[PDB]
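Atom set for the values below is all heavy atoms of this structure, side chains included, hydrogens, waters and symmetry mates excluded. Naming: A, B, ... by sequence-line order, numbering from 1 per chain.
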2 protein chains.
Amino acid sequence: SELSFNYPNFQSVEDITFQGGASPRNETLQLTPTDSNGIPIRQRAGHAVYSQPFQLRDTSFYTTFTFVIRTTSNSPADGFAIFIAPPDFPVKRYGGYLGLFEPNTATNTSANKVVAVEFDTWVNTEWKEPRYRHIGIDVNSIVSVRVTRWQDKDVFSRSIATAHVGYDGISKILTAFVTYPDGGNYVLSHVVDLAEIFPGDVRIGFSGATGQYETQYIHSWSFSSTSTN
Amino acid sequence: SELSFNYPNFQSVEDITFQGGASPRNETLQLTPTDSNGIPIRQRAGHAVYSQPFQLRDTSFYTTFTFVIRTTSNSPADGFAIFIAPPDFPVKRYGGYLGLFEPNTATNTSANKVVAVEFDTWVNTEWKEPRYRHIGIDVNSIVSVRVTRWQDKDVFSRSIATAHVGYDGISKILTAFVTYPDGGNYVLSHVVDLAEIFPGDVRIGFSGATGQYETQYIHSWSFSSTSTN
Ligand SMILES: CC(=O)N[C@H]1[C@@H](O[C@H]2[C@@H](O)[C@@H](CO)O[C@H](O)[C@@H]2O[C@@H]2O[C@@H](C)[C@@H](O)[C@@H](O)[C@@H]2O)O[C@H](CO)[C@H](O)[C@@H]1O
Ligand SMILES: CC(=O)N[C@H]1[C@@H](O[C@H]2[C@@H](O)[C@@H](CO)O[C@H](O)[C@@H]2O[C@@H]2O[C@@H](C)[C@@H](O)[C@@H](O)[C@@H]2O)O[C@H](CO)[C@H](O)[C@@H]1O
Ligand SMILES: [Ca+2]
Ligand SMILES: [Ca+2]
Ligand SMILES: [Ca+2]
Ligand SMILES: [Ca+2]
């Protein structure tokens with residue numbers, strides 16, 4: 001279906017729903033919480049999602065957002081993702097699960113219905129993932145179907161980074177381009193029929209998790225979807 | 001292989017190779033020529049190509065540029081493209097061939113080695129294309145393998161528009177995202193193994209053609225390629 005929205009900042013959150021440990025703070029989406037001294041709280045997850053459902057049948061979409069990861073250590077955890085799931089998808093487990101999965105079914109594709117672009121700051125050995133920090137595309141599993149190295153100079157830049165995420169409903173291809181000012185550029189694509197996975201309604205939004213010594217912020221976000229008929 | 005470059009504008013055109021009717025003009029790349037009164041000259045083609053070659057085996061790349069199409073009537077022709085080609089690729093035919101094909105082989109995928117993202121202002125009936133202005137991915141043929149409607153409001157906006165083109169060398173997927181400020185967003189993707197088409201050096205650049213009543217300008221441009229090792 002057709003939907004568009006545009007948040008240059010989050011002084012308004014009229015149509016944003018916050019769950020779990022996410023909240024609106026300093027004109028941003030703050031995905032995980034901090035205590036009264038600004039210290040990230042451990043083992044928390046949260047979601048900030050656009051509140052209106054949409055459909056993926058015969059649809060392409062384009063979305064772009066800017067983000068900051070604030071780390072206070074050389075060993076931050078766990079990252080964040082932009083995701084799509086049914087409208088009643090809840091905040092799931094903290095830590096390496098990124099608010100999107102739970103331990104007993106995290107790598108079981110038949111037990112999940114969630115697609116995401118993850119920004120993964122903590123190398124987990126509890127399931128298969130690369131031995132360095134990475135950006136990936138997740139289809140129904142915490143084990144990414146396409147994954148690439150995220151350079152530490154970018155992870156730790158404290159820059160306002162940009163993501164572009166698009167879905168071509170004709171070719172059935174999800175793509176992310178991530179850019180850093182005077183930094184790295186990242187390109188990932190994967191063939192996935194989202195309308196097959198999601199024959200009804202979905203919502204799009206962000207999930208963040210700790211971990212430790214890391215807060216994830218969304219500074220701006222826009223979206224448009226169009227019929228491919 | 002690895003290459004990066006950045007033109008925030010075209011005050012400098014070092015390492016741009018101009019061919020045909022393309023020239024530097026007013027800190028932009030002007031792809032087709034105008035007379036000393038600024039009127040678009042009919043039936044002309046022009047290339048503006050980054051001078052240094054790169055290779056596609058085990059490589060991904062990201063590139064972005066801004067552009068303006070100036071029209072002097074409601075019947076502009078023919079558009080422009082960003083393209084990759086082997087060394088010493090010549091300026092080809094003006095008109096609907098976009099500077100990238102010759103009439104006798106324009107639809108023959110066995111007789112061309114050129115990959116492009118085209119912005120097509122003139123509906124041609126001499127070969128198959130949509131009945132409306134369109135953005136397309138071209139693989140070895142003027143008949144686009146993935147093609148989408150380009151809305152006239154955007155064509156005639158006089159806006160500085162942005163294109164993002166990415167190639168994921170692991171999944172073998174070329175993607176374009178095109179955005180207009182306060183206008184349309186466009187998403188196209190295609191599965192193509194570029195290293196199989198281009199086994200040696202390639203160069204990246206722009207080709208523009210008339211036609212009539214149209215000049216195509218590139219205002220800024222950046223590019224990075226990295227190894228998928
Ligand atoms: C599955 C999960 O969410 N793990 C978290 C978790 O992992 C840590 C943590 O469990 C501590 C408890 O003392 O023990 C380990 O450090 C564990 O990390 C795991 O094992 C280590 C030895 C390495 O192999 C590491 O790759 C692996 O993940 O907490 C951390 C933050 O401390 C993250 O939040 C993980 O995702
Ligand atoms: C193949 C090519 O490069 N076509 C150009 C060309 O096409 C014109 C042109 O050939 C004039 C010359 O008198 O004749 C026709 O207008 C032709 O347009 C073609 O035929 C018409 C009837 C339509 O069906 C149209 O879709 C088709 O292109 O010049 C035009 C600008 O006038 C463009 O530059 C084409 O790409
Ligand atoms: Ca991961
Ligand atoms: Ca992880
Ligand atoms: Ca065309
Ligand atoms: Ca045409």
Side-chain angles (χ1 to χ4, degrees), chain A residues 168 170-171, chain B residues 19-22 31-32 40 42-49 56 63 65 67 69 71 75-152 154-155 163 165 167 173-176 178 186-194 196-198 202-216 218:
Chain A
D168 182 343
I170 294 291
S171 59
Chain B
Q19 307 191 312
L31 302 182
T32 53
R42 287 165 137 95
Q43 299 186 129
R44 290 300 190 284
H47 288 180
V49 170
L56 287 158
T63 188
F65 58 93
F67 68 98
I69 301 204
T71 69
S75 296
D78 276 276
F80 78 103
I82 180 162
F83 78 97
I84 296 170
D88 299 318
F89 188 87
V91 175
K92 304 183 178 188
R93 196 67 61 92
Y94 51 67
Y97 305 100
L98 297 169
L100 297 176
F101 298 97
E102 292 296 330
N104 288 335
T105 48
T107 66
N108 186 344
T109 60
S110 100
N112 296 283
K113 262 194 199 301
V114 54
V115 168
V117 176
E118 61 169 57
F119 299 82
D120 189 335
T121 55
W122 173 271
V123 174
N124 283 100
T125 58
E126 301 87 340
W127 49 88
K128 195 198 91 162
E129 53 184 19
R131 295 171 169 231
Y132 40 75
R133 299 183 177 93
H134 52 279
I135 295 163
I137 296 172
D138 299 346
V139 177
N140 300 332
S141 176
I142 204 57
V143 177
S144 304
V145 297
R146 175 80 183 87
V147 69
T148 203
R149 183 178 204 126
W150 182 19
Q151 299 293 346
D152 290 343
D154 299 326
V155 170
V165 172
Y167 181 66
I173 291 177
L174 186 63
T175 294
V178 182
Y186 299 92
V187 175
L188 314 188
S189 293
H190 187 66
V191 177
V192 51
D193 186 340
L194 288 177
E196 288 295 313
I197 296 173
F198 300 109
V202 297
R203 298 202 289 186
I204 195 168
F206 300 96
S207 183
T210 58
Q212 53 178 36
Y213 307 133
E214 183 190 298
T215 309
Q216 316 79 8
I218 312 303

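For B/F198, there are no ring-ring contact (aromatic ring centres under 6.0 Å, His included) partners, not counting sequence neighbours. Judged as a salt bridge (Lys or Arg N to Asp or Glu O under 4.0 Å), and not counting sequence neighbours, B/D193 has no contacts. Judged as a ring-ring contact (aromatic ring centres under 6.0 Å, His included), and not counting sequence neighbours, B/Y94 has no contacts. Every residue two or more places apart in sequence or in another chain was checked for a ring-ring contact (aromatic ring centres under 6.0 Å, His included) with B/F101, and none qualifies. Taking the side-chain contact (heavy atoms from CB on, under 4.5 Å) definition, one finds that B/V192 meets it with B/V139, B/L174, B/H190, B/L194, B/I197, sequence neighbours left out.
Expressed to the nearest 0.5 Å, how far CD1 of B/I137 lies from CD of B/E118 amounts to 10.0 Å. Atom-to-atom distance recorded for B/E102:CD and B/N108:CG is 13.0 Å, nearest 0.5 angstrom.
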**Report entry** Intermediate values then yes/no, side-chain hydrogen bond (donor to acceptor under 3.5 Å, both in side chains), B/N124 and B/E126
**Finding:** CA-CA 6 Å; B/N124 283 100; B/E126 301 87 340; 2.9 Å; yes
Query raised in the report: Please walk me through it: do B/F206 and B/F67 pass ring-ring contact (aromatic ring centres under 6.0 Å, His included)?
Result: CA-CA 11 Å; B/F206 300 96; B/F67 68 98; 9.1 Å; no
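Using a 4.5 Å cut-off on side-chain heavy atoms (C-beta onward), B/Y213 and B/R42 make contact. In this structure, the side chains of B/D138 and B/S144 come closer than 4.5 Å at one or more pairs of heavy atoms.
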Which pairs would a plain distance check flag for residues 75-86 of chain B, meaning a side-chain donor or acceptor within less than 3.5 Å of a matching protein atom at least two apart in sequence or in another chain?
residue : atom : partner : partner atom : Å
B/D78   : OD1  : B/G96   : N            : 3.4
B/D78   : OD2  : B/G211  : N            : 3.2

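In this structure, B/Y186 contributes its side chain and B/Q151 its backbone to a donor-acceptor pair below 3.5 Å.
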